[PDB]
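As structure tokens, the structure follows; a few thoughts come after it.
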Amino acid sequence: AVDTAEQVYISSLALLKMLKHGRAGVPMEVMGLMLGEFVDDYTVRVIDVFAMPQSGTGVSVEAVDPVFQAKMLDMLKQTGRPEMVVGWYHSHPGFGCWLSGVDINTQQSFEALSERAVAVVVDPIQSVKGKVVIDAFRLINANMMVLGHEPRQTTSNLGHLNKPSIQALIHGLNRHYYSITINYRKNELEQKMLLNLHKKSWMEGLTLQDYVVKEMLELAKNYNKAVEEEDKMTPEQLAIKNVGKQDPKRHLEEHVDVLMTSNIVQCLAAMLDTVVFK
Amino acid sequence: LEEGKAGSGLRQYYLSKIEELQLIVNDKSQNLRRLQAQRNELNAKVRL
Amino acid sequence: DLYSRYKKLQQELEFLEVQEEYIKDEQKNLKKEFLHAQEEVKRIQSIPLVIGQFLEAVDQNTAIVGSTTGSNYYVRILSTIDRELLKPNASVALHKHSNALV
Amino acid sequence: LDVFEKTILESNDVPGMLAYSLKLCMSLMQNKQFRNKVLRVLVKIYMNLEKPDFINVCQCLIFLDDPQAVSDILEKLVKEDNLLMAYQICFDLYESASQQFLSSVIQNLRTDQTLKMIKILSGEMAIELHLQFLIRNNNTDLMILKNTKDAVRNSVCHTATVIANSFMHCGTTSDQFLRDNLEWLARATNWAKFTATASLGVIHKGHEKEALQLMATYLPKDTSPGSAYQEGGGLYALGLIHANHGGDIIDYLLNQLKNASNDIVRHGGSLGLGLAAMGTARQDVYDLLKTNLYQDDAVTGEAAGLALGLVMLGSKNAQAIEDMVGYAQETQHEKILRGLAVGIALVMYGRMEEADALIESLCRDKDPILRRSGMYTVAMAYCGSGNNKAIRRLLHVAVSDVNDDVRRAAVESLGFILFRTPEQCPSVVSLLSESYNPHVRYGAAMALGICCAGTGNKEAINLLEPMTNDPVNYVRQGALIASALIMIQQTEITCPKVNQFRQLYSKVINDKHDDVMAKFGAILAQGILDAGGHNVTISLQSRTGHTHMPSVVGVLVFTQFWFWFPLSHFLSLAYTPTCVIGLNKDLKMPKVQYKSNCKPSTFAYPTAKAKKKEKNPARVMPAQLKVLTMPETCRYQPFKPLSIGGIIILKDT
Ligand SMILES: [Zn+2]
């Protein structure tokens, strides 16, 4: 009846086992399970993610052991929070992380167990640092083809997620499926130390530790002189003369600005004499 | 007027002198606005 | 009336005076964002790569390259160096999935 | 201020030099401290002067905002017994002064002329005179409406057409798209049927009498329809009509809040009660809004925040924000943060100083929505000024901040503050139009849309031409609404781009290959141009000088309706009636016809002399007000010089 676009709140702790357990299955595809709480129709949260045994014979719906979860939920009771299960996830490192033929067969089984059972995919390969990558989807019922086939209200959270549209075969699965919006509920307490732990460990280890003399400048002078004539022949090549040769051509970069910063490296590193000492 | 319409022009001259001075600084900004939008379009080129 | 406009005209004067730090602070950020975009294109594709054989330069921004398996691939060239190292026939490294010319 | 008293007291004339200087000084004055101190001594020498002038007391009424001074000026007019000369300040106090000042002046004055002041401040007779204006000047065109109806798109169509016809149907109260197709409205579901009872209150805006019994079919308590979202729009429907001034319906909302639907009643209920109590600084509405803030539900959080800034607008409640921003840290939803973002933004307006205490907390915080809150808060606080301190942090959050949605709302604040001098926006927002991310371009196009809407500037149309050519779909849509705001009431004879854009709106929506997203704002751009049947405009800058609250609140909620679809049906706030009136006085309707130098081409809603009413009144364009001359052969001639629009007095010879 009434269906509203869902918003997925992921915890920074749940983001860990998505890429981490997925990295352990690389190259092969894994099968996980999502753990969280259903607040309402238009929003959903995943508060935890745990690792499930990887299948070396290929992913199947029987790869999830029911006594593995029954022993896990009991261990979650003695753990701080015993929250009910919600849905499943699987890695797909070998390709662009789209729902395979097994993923649709385990859909109607998991959506019978739990109401939503959001399908979540993840890939390591698409980037390293500055991209969300991952993936998510939710099955829209094929029996609804008799009814209105274009959910959801509050559109562009889908529509904008429908950008880039990610080639063809991916959105070729937009038949019988619709993706879901992933935003981050603020962990910033942990996220503030995530930046502090990362950059401090990357700043000279104490900031002190790190803080071929003339010879490095004799090797640099070959880049600061012998590179000049191959750079300064181009203005004489800009002289035609004049003018039979196709123009414009700009040879100014990148050596000029590199030798600039090359002195910026050597000047402030030589200031270590004046800085460290006295 | 004597305060005045002879002096106020000199008062208006200061503003117009700064307006031309500002226009000089604006002309320094206007062509520099292009160096931004250029590289801003080049910032879209690496995204292209 | 002339002092009226004399009190009017310094507005856009000072309004463009704060428009000086407007762009100057904006353009240097975006400059550092553009320098951050330089790390982007240099990040892609990192590793791994696959060897391929260059065939010919058909036009700007893209060129065709034969794969080591023998299948010729038509790939967008990298925006950094489009010319000197291209050459009519050469062995150029390509990315695994994308087969990108780098 | 000493020598200034001698300069205003200089001999001869100087007939109007004190009149326009207040208009010039108000624009050029950076510090309002001694500004009004100059004005308060000026309005004293007006009364000491032999010739009385009522345009000076209009300016000090709003700026000095002294309830004891405004009570004594009319108390003398009661003793002076002439209703003609006071009839100007009667409706001038109405259209200009906000709801907080109207409630203070109505109490001291009512303590013939006592019955005459009842309908001016409550707007009783003011609605019907412009209710009869609409039905006359309104020219309906069903062609374009049917050209967008036959697309047969299952979604986004139900919201598009019902909000588009409400544009041209403003205030006519007639029922057309409800009666013609019953089944198509039944195809709508979820929050789409919320608009059917909502857009019903749009066309019915005004008409304070029948608004009660006509909508009884949509009553949530008795009917209880199968879909629960159909019964939730009956409370929000009448809030439109009841924006600003209220009425007997205050009990009508009280009966439907305690029965049937919960809590989705509080959605339309608080917006209906909050917009009705907007500017009144009411108490009991703030009491039940705090428990709605603590309901923890994300959808009802918008209704709690949005209705709280309304009622407390201009009052600056301390405990309001303290309970709002104090709940913003531990809340798990973004939508509660949104209604609260505008909630604390709507309460702080036009201070230029007090609000800066909160601005330091908003933008500095790391919450993405609360950083959007700082921009809507700094906009209303700086509304009506060109201050250079606001543009400092305005760009810093619009650039250095990583979130794209806050950069959008950041550049959108430029249209709210700078509407006094719209010429500055195309220059400062120019460089922002080349941003690679379309989120900034969506707000960059809106900045020219909301600010320049009243102006006829062609340069804004030129800058919006590449905006609809951009490959991104929603920046094209944002260009359609923005370019539809510049052309309001302006026909092809004004700018040639009119017919060029009108054919483009129906084009892209009839093309199935185009995205359903962008084509939603296509027919909506039509309606924006056709709003009120081209009769009514939207102007934040008027002789009154006050900002227009319902249009800004409606268009800022309509910025992103993709989070919640009712936010698209909350665009119903942007619909407001406006007109001019030639009524002489009281209930007697004079017959007056005067010439106009503009051709009927401006009067067409798809010369020697014209004919204007003769109060129903007749339409005029803001550019046509200067070319018209009061009739010299008529028995009824105006005593006041006729320059701009609005209801003016007419003297019988
Ligand atoms: Zn699989």
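Here's how to read the names in the structure tokens: chain A, B, ... by the order shown, residue numbers from 1 in each chain, ligand numbers from 1 in the order shown.
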
* To do: Kindly determine which residues of chain D lie within 6 Å of chain A, considering only C-alpha atoms, and give the answer as a VMD selection string.
  => chain D and resid 190 562 to 565

Counting only C-alpha atoms and all ligand atoms, which protein, DNA or RNA residues come within 9 Å of ligand 1, given as a PDB file with N, CA and C atoms, in the first residue's frame?
```pdb
ATOM      1  N   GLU A  29      33.736 -13.927  -3.932  1.00  0.00           N
ATOM      2  CA  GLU A  29      32.611 -13.228  -3.327  1.00  0.00           C
ATOM      3  C   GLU A  29      32.196 -13.893  -2.020  1.00  0.00           C
ATOM      4  N   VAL A  30      31.809 -13.072  -1.044  1.00  0.00           N
ATOM      5  CA  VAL A  30      31.403 -13.564   0.268  1.00  0.00           C
ATOM      6  C   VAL A  30      29.890 -13.452   0.417  1.00  0.00           C
ATOM      7  N   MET A  31      29.364 -13.907   1.555  1.00  0.00           N
ATOM      8  CA  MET A  31      27.965 -13.709   1.923  1.00  0.00           C
ATOM      9  C   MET A  31      27.907 -13.325   3.396  1.00  0.00           C
ATOM     10  N   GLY A  58      31.284 -21.157  -4.075  1.00  0.00           N
ATOM     11  CA  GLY A  58      30.308 -20.216  -4.585  1.00  0.00           C
ATOM     12  C   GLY A  58      29.217 -19.923  -3.572  1.00  0.00           C
ATOM     13  N   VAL A  59      28.623 -18.738  -3.695  1.00  0.00           N
ATOM     14  CA  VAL A  59      27.648 -18.279  -2.713  1.00  0.00           C
ATOM     15  C   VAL A  59      26.323 -18.996  -2.945  1.00  0.00           C
ATOM     16  N   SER A  60      25.705 -19.456  -1.861  1.00  0.00           N
ATOM     17  CA  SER A  60      24.391 -20.076  -1.890  1.00  0.00           C
ATOM     18  C   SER A  60      23.569 -19.597  -0.699  1.00  0.00           C
ATOM     19  N   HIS A  90      26.505  -9.018   0.699  1.00  0.00           N
ATOM     20  CA  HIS A  90      27.500  -9.866   0.058  1.00  0.00           C
ATOM     21  C   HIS A  90      28.502  -9.008  -0.702  1.00  0.00           C
ATOM     22  N   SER A  91      29.768  -9.413  -0.648  1.00  0.00           N
ATOM     23  CA  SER A  91      30.803  -8.760  -1.437  1.00  0.00           C
ATOM     24  C   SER A  91      30.815  -9.307  -2.864  1.00  0.00           C
ATOM     25  N   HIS A  92      31.273  -8.469  -3.794  1.00  0.00           N
ATOM     26  CA  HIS A  92      31.496  -8.868  -5.186  1.00  0.00           C
ATOM     27  C   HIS A  92      32.761  -8.193  -5.698  1.00  0.00           C
ATOM     28  N   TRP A  98      27.251  -6.112  -8.683  1.00  0.00           N
ATOM     29  CA  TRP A  98      25.837  -6.151  -9.020  1.00  0.00           C
ATOM     30  C   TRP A  98      25.228  -7.457  -8.530  1.00  0.00           C
ATOM     31  N   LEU A  99      23.911  -7.449  -8.345  1.00  0.00           N
ATOM     32  CA  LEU A  99      23.223  -8.619  -7.814  1.00  0.00           C
ATOM     33  C   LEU A  99      23.244  -9.752  -8.831  1.00  0.00           C
ATOM     34  N   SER A 100      23.765 -10.904  -8.417  1.00  0.00           N
ATOM     35  CA  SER A 100      23.949 -12.037  -9.309  1.00  0.00           C
ATOM     36  C   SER A 100      22.696 -12.909  -9.338  1.00  0.00           C
ATOM     37  N   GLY A 101      22.814 -14.073  -9.980  1.00  0.00           N
ATOM     38  CA  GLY A 101      21.678 -14.976 -10.073  1.00  0.00           C
ATOM     39  C   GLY A 101      21.355 -15.649  -8.753  1.00  0.00           C
ATOM     40  N   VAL A 102      22.357 -15.799  -7.885  1.00  0.00           N
ATOM     41  CA  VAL A 102      22.107 -16.368  -6.562  1.00  0.00           C
ATOM     42  C   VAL A 102      21.500 -15.319  -5.640  1.00  0.00           C
ATOM     43  N   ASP A 103      21.879 -14.053  -5.833  1.00  0.00           N
ATOM     44  CA  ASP A 103      21.388 -12.978  -4.980  1.00  0.00           C
ATOM     45  C   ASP A 103      19.880 -12.788  -5.092  1.00  0.00           C
ATOM     46  N   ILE A 104      19.297 -13.069  -6.259  1.00  0.00           N
ATOM     47  CA  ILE A 104      17.851 -12.934  -6.401  1.00  0.00           C
ATOM     48  C   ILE A 104      17.140 -14.145  -5.804  1.00  0.00           C
ATOM     49  N   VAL A 121      25.654  -4.733  -1.527  1.00  0.00           N
ATOM     50  CA  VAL A 121      26.846  -5.234  -2.196  1.00  0.00           C
ATOM     51  C   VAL A 121      27.987  -4.262  -1.920  1.00  0.00           C
TER      52      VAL A 121
END
```

Check which residues of chain B sit at most 12 Å from range 39-58 of chain C using only C-alpha atoms, and return one row each with the closest pair of atoms and their distance in Å to one decimal, ordered by chain and rising number, as a Markdown table.
```
| residue | atom | partner | partner_atom | distance |
| --- | --- | --- | --- | --- |
| B:43 | CA | C:40 | CA | 10.7 |
| B:44 | CA | C:41 | CA | 11.8 |
| B:45 | CA | C:41 | CA | 10.4 |
| B:46 | CA | C:41 | CA | 6.7 |
| B:47 | CA | C:41 | CA | 8.7 |
| B:48 | CA | C:41 | CA | 10.8 |
```

Would you export the selected residues with C-alpha atoms as a JSON list (two decimals), in the first residue's frame, please?
```json
[["chain", "number", "residue", "atom", "x", "y", "z"],
["B", 43, "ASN", "CA", 38.45, 20.86, -12.04],
["B", 44, "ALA", "CA", 35.45, 19.51, -13.96],
["B", 45, "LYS", "CA", 37.78, 18.21, -16.69],
["B", 46, "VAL", "CA", 39.52, 15.83, -14.28],
["B", 47, "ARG", "CA", 35.99, 14.84, -13.28],
["B", 48, "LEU", "CA", 35.05, 14.65, -16.96]]
```

* chain C: residues DSSP assigns to strand (DSSP E), reported as JSON, numbers by chain -> {"C": [49, 50, 51, 52, 53, 54, 55, 56, 57, 58, 59, 62, 63, 64, 65, 66, 67, 72, 73, 74, 75, 76, 91, 92, 93, 94, 95]}

Output C-alpha atoms for every residue in the selection just made, as a PDB file, in the first residue's frame.
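Dumped to out.pdb:
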```
ATOM      1  CA  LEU C  49      47.939  -2.923 -14.885  1.00  0.00           C
ATOM      2  CA  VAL C  50      48.150  -4.949 -18.107  1.00  0.00           C
ATOM      3  CA  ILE C  51      50.441  -4.479 -21.115  1.00  0.00           C
ATOM      4  CA  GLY C  52      48.955  -3.427 -24.445  1.00  0.00           C
ATOM      5  CA  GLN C  53      50.142  -2.477 -27.915  1.00  0.00           C
ATOM      6  CA  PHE C  54      49.429   0.970 -29.329  1.00  0.00           C
ATOM      7  CA  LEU C  55      48.145   1.048 -32.911  1.00  0.00           C
ATOM      8  CA  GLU C  56      47.459   4.635 -34.042  1.00  0.00           C
ATOM      9  CA  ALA C  57      46.213   7.982 -32.749  1.00  0.00           C
ATOM     10  CA  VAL C  58      42.750   8.465 -34.225  1.00  0.00           C
ATOM     11  CA  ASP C  59      41.874  11.841 -32.648  1.00  0.00           C
ATOM     12  CA  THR C  62      41.259   9.003 -27.121  1.00  0.00           C
ATOM     13  CA  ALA C  63      43.281   6.447 -29.059  1.00  0.00           C
ATOM     14  CA  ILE C  64      43.166   2.763 -29.987  1.00  0.00           C
ATOM     15  CA  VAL C  65      45.481   0.206 -28.364  1.00  0.00           C
ATOM     16  CA  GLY C  66      45.841  -3.495 -29.139  1.00  0.00           C
ATOM     17  CA  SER C  67      45.695  -5.732 -26.087  1.00  0.00           C
ATOM     18  CA  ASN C  72      42.493  -3.916 -30.283  1.00  0.00           C
ATOM     19  CA  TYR C  73      40.978  -1.623 -27.649  1.00  0.00           C
ATOM     20  CA  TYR C  74      39.733   1.947 -28.150  1.00  0.00           C
ATOM     21  CA  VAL C  75      40.527   3.848 -24.953  1.00  0.00           C
ATOM     22  CA  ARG C  76      40.271   7.435 -23.749  1.00  0.00           C
ATOM     23  CA  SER C  91      53.732  -0.948 -25.820  1.00  0.00           C
ATOM     24  CA  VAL C  92      51.529   0.983 -23.375  1.00  0.00           C
ATOM     25  CA  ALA C  93      50.338  -0.200 -19.967  1.00  0.00           C
ATOM     26  CA  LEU C  94      46.577  -0.597 -19.500  1.00  0.00           C
ATOM     27  CA  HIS C  95      44.383  -1.130 -16.458  1.00  0.00           C
TER      28      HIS C  95
END
```

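Near residue 40 in chain B, within a cut-off of 10 Å and counting only C-alpha atoms, sit the residues residues 34, 35, 36, 37, 43, 44 and 45 of chain B; 27, 30, 31, 33 and 34 of chain C; 431, 432, 434, 435 and 436 of chain D, with same-chain residues fewer than 3 positions away left out.
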
* as a ChimeraX atom specification, please: all residues of range 342-562 of chain D that backbone DSSP puts in helix (DSSP H, G or I). => /D:342-347,356-364,368-382,388-399,404-420,422-428,431-434,438-451,458-463,467-469,473-486,497-510,516-534,549-557

* To do: Select all residues from chain D having any atom no more than 10 Å from an atom of chain C (counting only C-alpha atoms, ignoring ligands), output as a ChimeraX atom specification.
  => /D:17,21,24-25,27-30,386-389,391-396,398-400,424,427-428,431,435

* Give the residues of chain A that lie within 9 Å of chain C; count only C-alpha atoms, and format the answer as a ChimeraX atom specification. => /A:95,127-128,130

* Can you pull out every residue within 12 Å of range 249-255 of chain A, counting only C-alpha atoms, but drop anything in the same chain fewer than 4 positions away, and send it as JSON, numbers by chain? => {"A": [223, 224, 225, 226, 227, 228, 229, 230, 231, 232, 233, 234, 235, 236, 237, 238, 239, 245, 259, 260, 261, 262], "C": [80, 81, 83]}

Written file, previous selection with N, CA and C atoms, as an mmCIF file, in the first residue's frame:
```cif
data_model
loop_
_atom_site.group_PDB
_atom_site.id
_atom_site.type_symbol
_atom_site.label_atom_id
_atom_site.label_comp_id
_atom_site.auth_asym_id
_atom_site.auth_seq_id
_atom_site.Cartn_x
_atom_site.Cartn_y
_atom_site.Cartn_z
ATOM 1 N N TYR A 223 68.391 18.251 -13.155
ATOM 2 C CA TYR A 223 66.992 18.587 -13.388
ATOM 3 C C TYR A 223 66.775 20.097 -13.366
ATOM 4 N N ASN A 224 67.694 20.842 -12.746
ATOM 5 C CA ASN A 224 67.584 22.296 -12.708
ATOM 6 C C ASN A 224 68.389 22.985 -13.802
ATOM 7 N N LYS A 225 69.170 22.244 -14.588
ATOM 8 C CA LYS A 225 69.935 22.829 -15.686
ATOM 9 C C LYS A 225 69.759 22.025 -16.969
ATOM 10 N N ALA A 226 70.197 20.762 -16.958
ATOM 11 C CA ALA A 226 70.089 19.929 -18.154
ATOM 12 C C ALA A 226 68.647 19.789 -18.623
ATOM 13 N N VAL A 227 67.680 19.964 -17.722
ATOM 14 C CA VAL A 227 66.285 19.980 -18.143
ATOM 15 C C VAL A 227 65.900 21.357 -18.681
ATOM 16 N N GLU A 228 66.651 22.401 -18.326
ATOM 17 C CA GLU A 228 66.312 23.745 -18.785
ATOM 18 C C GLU A 228 66.426 23.862 -20.302
ATOM 19 N N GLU A 229 67.515 23.339 -20.880
ATOM 20 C CA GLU A 229 67.718 23.525 -22.314
ATOM 21 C C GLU A 229 66.672 22.784 -23.136
ATOM 22 N N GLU A 230 66.233 21.606 -22.685
ATOM 23 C CA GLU A 230 65.126 20.951 -23.373
ATOM 24 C C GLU A 230 63.809 21.666 -23.099
ATOM 25 N N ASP A 231 63.724 22.401 -21.987
ATOM 26 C CA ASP A 231 62.571 23.259 -21.742
ATOM 27 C C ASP A 231 62.674 24.586 -22.486
ATOM 28 N N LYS A 232 63.868 25.180 -22.553
ATOM 29 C CA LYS A 232 64.037 26.488 -23.173
ATOM 30 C C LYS A 232 64.335 26.416 -24.665
ATOM 31 N N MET A 233 64.363 25.219 -25.256
ATOM 32 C CA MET A 233 64.341 25.133 -26.713
ATOM 33 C C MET A 233 62.938 25.361 -27.255
ATOM 34 N N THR A 234 61.915 25.068 -26.455
ATOM 35 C CA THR A 234 60.526 25.206 -26.880
ATOM 36 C C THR A 234 60.135 26.655 -27.177
ATOM 37 N N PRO A 235 60.592 27.664 -26.419
ATOM 38 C CA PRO A 235 60.346 29.043 -26.873
ATOM 39 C C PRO A 235 61.056 29.370 -28.173
ATOM 40 N N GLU A 236 62.245 28.808 -28.408
ATOM 41 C CA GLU A 236 62.848 28.917 -29.731
ATOM 42 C C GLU A 236 62.102 28.064 -30.747
ATOM 43 N N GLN A 237 61.414 27.014 -30.288
ATOM 44 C CA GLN A 237 60.486 26.302 -31.157
ATOM 45 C C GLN A 237 59.190 27.077 -31.352
ATOM 46 N N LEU A 238 58.771 27.865 -30.358
ATOM 47 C CA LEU A 238 57.673 28.801 -30.559
ATOM 48 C C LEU A 238 58.007 29.859 -31.600
ATOM 49 N N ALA A 239 59.275 30.252 -31.710
ATOM 50 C CA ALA A 239 59.717 31.012 -32.870
ATOM 51 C C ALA A 239 59.785 30.079 -34.070
ATOM 52 N N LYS A 245 54.184 26.874 -38.324
ATOM 53 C CA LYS A 245 53.929 25.764 -37.414
ATOM 54 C C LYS A 245 52.627 25.985 -36.651
ATOM 55 N N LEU A 259 60.386 22.770 -10.217
ATOM 56 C CA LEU A 259 61.643 23.305 -9.705
ATOM 57 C C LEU A 259 61.402 24.370 -8.644
ATOM 58 N N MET A 260 60.282 25.091 -8.737
ATOM 59 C CA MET A 260 59.865 25.979 -7.657
ATOM 60 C C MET A 260 59.729 25.209 -6.349
ATOM 61 N N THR A 261 58.808 24.241 -6.319
ATOM 62 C CA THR A 261 58.620 23.420 -5.127
ATOM 63 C C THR A 261 59.880 22.641 -4.771
ATOM 64 N N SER A 262 60.723 22.337 -5.760
ATOM 65 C CA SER A 262 61.977 21.643 -5.481
ATOM 66 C C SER A 262 62.875 22.489 -4.586
ATOM 67 N N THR C 80 46.938 13.938 -19.088
ATOM 68 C CA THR C 80 48.234 14.534 -18.773
ATOM 69 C C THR C 80 49.095 14.687 -20.022
ATOM 70 N N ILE C 81 49.579 13.577 -20.569
ATOM 71 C CA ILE C 81 50.467 13.595 -21.727
ATOM 72 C C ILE C 81 49.728 12.964 -22.900
ATOM 73 N N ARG C 83 50.811 13.448 -26.220
ATOM 74 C CA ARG C 83 51.564 13.593 -27.463
ATOM 75 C C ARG C 83 52.902 12.860 -27.508
#
```

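Each of D:249, D:653, D:643, D:438 was checked against chain B using only C-alpha atoms; the smallest atom-to-atom distance is that of D:438.
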
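For chain B, the residues close to chain C, meaning within 8 Å and counting only C-alpha atoms, are residues 5, 8, 11, 12, 15, 18, 19, 22, 26, 29, 33, 36, 39, 40, 43 and 46 of chain B.
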
Could you save the residues just selected, with C-alpha atoms, as a compact mmCIF listing (two decimals), in the first residue's frame?
```
# COMPACT_ATOMS: atom_id res chain seq x y z
CA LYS B 5 29.19 71.88 -4.66
CA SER B 8 31.53 67.88 -2.73
CA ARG B 11 34.44 64.54 -2.12
CA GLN B 12 32.82 62.79 -5.09
CA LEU B 15 34.92 58.10 -4.34
CA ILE B 18 38.58 54.96 -5.41
CA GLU B 19 35.88 53.73 -7.82
CA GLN B 22 38.38 49.79 -7.18
CA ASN B 26 38.12 44.90 -9.96
CA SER B 29 39.70 40.53 -10.04
CA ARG B 33 37.81 35.41 -12.00
CA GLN B 36 39.26 30.51 -11.35
CA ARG B 39 40.63 25.94 -13.46
CA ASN B 40 37.14 25.35 -12.04
CA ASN B 43 38.45 20.86 -12.04
CA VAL B 46 39.52 15.83 -14.28
```

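Between chain B and the residues D:580, D:433, D:632, D:463, the shortest atom-to-atom distance, using only C-alpha atoms, involves D:433.
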
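The shortest atom-to-atom distance to chain B, with only C-alpha atoms taken into account, belongs to D:430 out of D:578, D:510, D:430, D:166.
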
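In this comparison, which uses only C-alpha atoms, the residue of D:437, D:172, D:114, D:33 approaching chain B most closely is D:437.
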
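If you look at CA of residue 550 in chain D and CA of residue 502 in chain D, they are 26.4 Å away from each other.
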
* Within 12 Å of residue 320 in chain D using only C-alpha atoms, minus same-chain residues under 3 positions, as a PyMOL selection string -> chain D and resi 281+283+285-287+289-290+293+304-313+315-317+323-327+340+343-348
